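Numbering (the numbering used here), first residue to last: 1 to 780. Only one structure is covered here, and it is reproduced in the block below.
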Ligand SMILES: OC[C@@H]1[C@@H](O)[C@H](O)[C@@H](O)[C@H]2N[C@@H]12
Ligand SMILES: O=C([O-])C(=O)[O-]
């Protein structure tokens with residue numbers, strides 16, 4: 001039994017007193033509120049909030065039975081007796097406390113009937129997690145396939161079909177019960193830690209996500225090279241093997257930006273060496289030369305590191321001496337028995353641990369390392385009596401990887417202010433995207449079921465802040481022989497998901513260059529396609545930095561008033577314009593694609609489909625997976641290069657999918673130097689915009705460029721615009737007032753400036769796109 005006693009306004013926050021204690025309500029923006037219970041007491045600080053100190057001016061009003069605390073769009077309605085807070089956007093009820101806060105830490109809320117709930121981070125349970133209960137304790141799930149209640153990267157957060165996100169801003173071992181035990185109750189629980197939640201509201205899913213990343217953090221633009229081709233396995237055993245792999249990409253004509261070194265870079269065995277954090281010189285004898293030789297070919301080197309220092313490692317005595325390891329209650333370094341052997345964990349929450357670990361990353365980065373892979377950050381083993389500077393293991397567990405990322409990000413920015421950090425990690429917390437975290441879905445089995453789960457995992461993580469969530473392409477764990485069809489399908493899917501990193505245990509090759517002739521003939525043009533599409537992908541990345549819009553978007557974005565689409569995990573959007581349906585079983589001869597109402601083109605064949613609502617059935621083939629292009633799309637391409645270090649946009653090729661059903665369309669292409677972390681902040685970019693206006697007798701394109709440019713930006717780009725489904729009735733083209741005849745023959749066979757191909761229904765315009773505005777008008 002709880003009731004309101006009294007309140008006050010202090011530094012813009014509402015502090016309420018009940019019979020049980022203080023409750024602090026601070027608006028972190030007009031659409032987001034932090035509710036801290038036990039506000040009087042000492043607690044762990046917020047991990048989820050980018051600006052935990054902020055509180056914007058809100059309006060407070062009082063009635064007999066209630067208080068009302070409001071920002072722009074979000075309102076807290078505080079019932080006094082009994083005490084219960086509920087939340088409104090306009091006058092629409094978003095979420096209501098049932099018992100609310102109790103004692104262990106426990107929050108209880110009502111779920112509305114029919115409300116669907118996404119959330120929890122990585123689980124394989126279905127997109128709507130209502131009816132499920134699961135722990136909040138990051139933990140490995142080696143060899144998962146088609147089911148998991150608990151894996152590497154949980155998030156104490158949910159997204160509802162009422163268009164709110166609720167964050168449990170707590171780092172401890174806990175649980176979430178989403179109307180499982182009691183059908184109308186959402187229950188959040190933890191053994192300890194901060195007793196706070198954060199509610200964020202939005203008018204649409206895009207703007208919900210914008211509001212969420214506003215308060216939790218925006219991912220800084222990764223380096224363009226993160227969108228390229230990675231060579232990775234577990235693991236290259238030597239410098240010779242690593243050089244041979246870079247050579248294999250060159251001799252097989254596959255693009256390659258980055259080679260990834262797993263744990264053999266620091267010792268010859270899986271066990272016994274972890275914590276060395278230095279080169280195994282028997283097997284990597286000249287590593288500075290190795291890395292420099294790779295940079296000459298435009299190839300970056302990424303190294304694996306882990307949180308654990310073994311007692312057999314060369315750095316045990318030094319870490320103990322520096323007080324860098326987590327301790328037992330007696331105050332000594334805690335040691336425990338990992339797979340790898342007996343060892344400790346670096347205390348990233350301490351000053352000494354942070355300085356010690358940072359110094360090692362600084363040293364190796366000085367040697368030539370371009371980026372970093374932090375594995376086992378759950379932490380994979382984390383005994384409960386381990387003591388970190390700010391709490392015990394069970395209290396801090398779900399924030400360890402988050403602080404690891406923060407530490408490393410700040411260190412990389414301090415060492416290289418002019419470069420974008422690359423940080424790939426397996427486990428984090430809400431807001432870890434602000435430290436550049438690029439997560440992957442862990443040790444997936446080499447099975448169709450492991451592939452079939454990747455879209456679900458990717459969308460769940462994308463929706464709550466993680467644009468660059470990806471998988472070990474081709475699968476990671478076990479297998480005795482390559483499943484060639486599954487491998488091909490996983491790497492085709494790869495092209496249309498955030499990071500192109502095939503990776504597997506090295507008894508079966510993960511890299512496409514080591515595959516048979518048929519597999520390489522299929523995949524080589526697709527990996528080249530990934531490079532030709534960099535302007536599309538990099539522009540979606542730019543949008544993710546600006547607004548949190550994920551790269552992969554769920555089918556349900558296409559119709560916000562049809563909540564049944566929330567269940568789909570088999571088709572998704574890659575950027576604005578491509579509806580992708582990965583093939584996730586062997587021998588599938590056709591697929592039924594639940595395309596939204598409108599006009600759609602076969603990405604591979606140019607075929608036009610119109611649909612009222614009924615799904616489209618497309619046949620399948622082994623060389624592609626089904627991709628449809630939305631009418632009104634602008635798809636930008638550049639020529640394929642071997643490495644993004646060679647990237648040029650001097651030549652553009654843009655494909656516009658015309659249909660009279662889309663009278664107005666827009667596209668953009670974001671160009672910058674691909675490496676400067678301050679490019680967007682300082683407007684050191686070239687933002688190309690394109691607008692189409694499509695009426696009965698004309699098709700008009702308006703082209704423009706903004707921003708201050710960047711060093712090496714071409715002043716003039718040779719541009720080929722290919723208009724698919726173009727009317728055969730266009731008589732002439734006006735370019736900036738200058739009339740040009742449209743040729744009706746020999747388009748492919750003459751240096752034609754405007755040419756209509758009657759057999760393909762494609763009108764091709766070739767022109768120079770300079771810094772001034774350009775208008776292209778086609779008239780019947
Ligand atoms: O470090 C070896 C291996 C790594 O390649 C995978 O990416 C990780 O998830 C952990 N299983 C380990
Ligand atoms: O729709 C058009 O503009 C046409 O096909 O002629």
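Using N, Cα and C, we set each Cβ at its ideal position, and we do this for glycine too.
### Query
If we count Cβ pairs, one from each stretch, closer than 8 Å, do we get three or more for the segment 574–587 versus the segment 630–640?
The answer is yes - the segment 630–640 touches the segment 574–587, with three or more Cβ pairs under 8 Å.
### Task
From the DSSP output, in three-state form, read off residue 117 for me.
Looking at residue 117 - three-state DSSP - the assignment turns out to be strand.
#### Entry: the segment 660–672 / the segment 273–290 touching (three or more Cβ pairs under 8 Å)
Verdict: no, contact absent.
### Message
Is residue 660 near ligand 2 - that is, is its Cβ less than 7 Å away from at least one heavy atom of it?
### Response
At least one heavy atom of ligand 2 is nearer than 7 Å to the Cβ of residue 660, so yes.
### Task
For residue 785, count neighbouring C-beta atoms within 10 Å of its own C-beta (all shown protein chains included) and say buried if the count is 16 or more, exposed if not.
Outside the shown range of the chain, which is 1 to 780, sits residue 785, and nothing can be said about it.
### Task
Locate the beta strand (DSSP E) running through residue 7, then write down its first and last residues.
Following the DSSP letters along the chain, one finds residue 7 inside the beta strand (DSSP E) bounded by residues 4–10.
### Task
Leaving aside the five residues before and after residue 149 along the sequence, list all residues of the same chain whose C-beta is less than 7 Å from its C-beta, in chain order.
In its chain, beyond the 5 residues on either side, 123, 125 and 134 have a beta carbon closer than 7 Å to the beta carbon of residue 149.
### Task
Might you give, ordered along the chain, the residues of its own chain that have their beta carbon closer than 8 Å to the beta carbon of residue 397, omitting 5 neighbours on each side?
Excluding sequence neighbours, residue 397 sits near 137, 138, 171, 172, 173, 378, 379 and 382.
### Task
Have a look at residue 760 and residue 614 and give me their C-alpha separation to the nearest angstrom.
Cα to Cα, residue 760 sits roughly 26 Å from residue 614.
### Query
Can residue 157 and residue 89 be called in contact, C-beta distance under 8 Å?
At a Cβ-Cβ threshold of 8 Å, residue 157 and residue 89 do not count as neighbours.
#### Entry: Where residue 224 falls, given that 16 or more other Cβ within 10 Å makes a residue buried
Under this definition residue 224 is a buried residue.
### Task
Express the C-alpha separation of residue 457 and residue 44 in angstroms, rounding to a whole number.
The C-alpha of residue 44 lies about 29 Å from the C-alpha of residue 457.
### Task
Using 10 angstroms around the beta-carbon of residue 650, count the other beta-carbons present and answer buried if the total reaches 16, otherwise exposed.
Around the C-beta of residue 650, fewer than 16 other C-beta atoms lie within 10 Å, and the residue is accordingly described as exposed.
### Query
Which residue comes first and which comes last in the alpha helix (DSSP H) that contains residue 249?
Residues 239–251.
### Query
CA-CA distance, residue 536 and residue 113?
Each residue's alpha carbon lies about 40 Å from the other.
### Query
Do residue 405 and residue 390 have their CB atoms nearer than 8 Å?
Contact annotation: residue 405 and residue 390 have beta-carbon atoms that are not nearer than 8 Å.
### Query
chain B beta carbons: is any one of them nearer than 8 Å to that of residue 257?
Included in the structure is just one protein chain, with no chain B present.
### Query
Tell me the DSSP bridge mates of residue 619?
Note: residue 619 sits in a beta bridge opposite 590.
### Task
Along the beta strand (DSSP E) that carries residue 525, what are the first and last residues, could you check?
Segment 517–532 is the alpha helix (DSSP H) holding residue 525; no beta strand (DSSP E) there.
### Query
In terms of DSSP beta bridges, what is residue 671 paired with?
BP columns for residue 671 point to 686.
### Query
How do the segment 488–495 and the segment 209–218 stand: do at least 3 beta-carbon pairs fall below 8 Å, yes or no?
They do not touch, by the three-pair rule.
### Query
Out of curiosity, what's the CA-to-CA distance linking residue 302 and residue 507?
Cα to Cα, residue 302 sits roughly 21 Å from residue 507.
### Message
Distance check for residue 702 and residue 743, CA to CA, integer angstroms please.
### Response
Approximately 22 Å, taken between the alpha carbons.
### Message
For residue 339 and residue 433, what's the separation of their Cα atoms in angstroms?
### Response
Rounded to the nearest angstrom, the two C-alpha atoms are 30 Å apart.
### Query
Would you say residue 111 and residue 69 are within 8 Å of each other, going by their C-beta atoms?
Contact: no.
### Query
In terms of alpha-carbon separation, which member of 83, 197, 521 and 190 lies closest to residue 106?
Looking at the Cα atoms, 190 is the closest of the given residues.
### Task
Take residue 319 and list the residues in its own chain whose beta-carbon comes closer than 8 Å to its own, dropping the five residues that flank it on each side.
Closer than 8 Å at Cβ, skipping near neighbours: 275, 309, 325, 333, 344, 346 and 356.
### Task
Please say whether residue 552 and residue 121 have beta carbons closer to each other than 8 Å?
Their beta carbons are not under 8 Å apart, which means residue 121 does not touch residue 552 by this criterion.
### Query
Do the CB positions of residue 368 and residue 292 come within less than 8 Å of each other?
Cβ atoms of residue 368 and residue 292: closer than 8 Å.
### Buried versus exposed, by CB contacts within 10 Å (16 or more), residue 331
Within 10 angstroms of the beta-carbon of residue 331 lie fewer than 16 other beta-carbons, which makes it exposed.
### Message
Between which residues of its own chain and residue 471 is the CB-CB distance below 7 Å, once the five residues before and five after are set aside?
### Response
440, 441, 444 and 454.
### Message
For residue 538, which residues in the same chain have their Cβ closer than 7 Å to its Cβ, ignoring the five residues on either side in sequence?
### Response
Contacts found: 224, 227 and 670.
### Query
Should residue 727 be counted as a contact of ligand 2 given a C-beta to heavy atom distance under 7 Å?
Short note on residue 727: C-beta closer than 7 Å to some heavy atom of ligand 2.
### Query
In this structure, does DSSP put residue 328 in helix, strand or coil?
Residue 328: coil per DSSP, three-state reduction.
### Task
Evaluate residue 681 with the Cβ neighbour count: other Cβ atoms within 10 Å of its Cβ, from every protein chain shown; 16 or more gives buried, anything less gives exposed.
Exposed.
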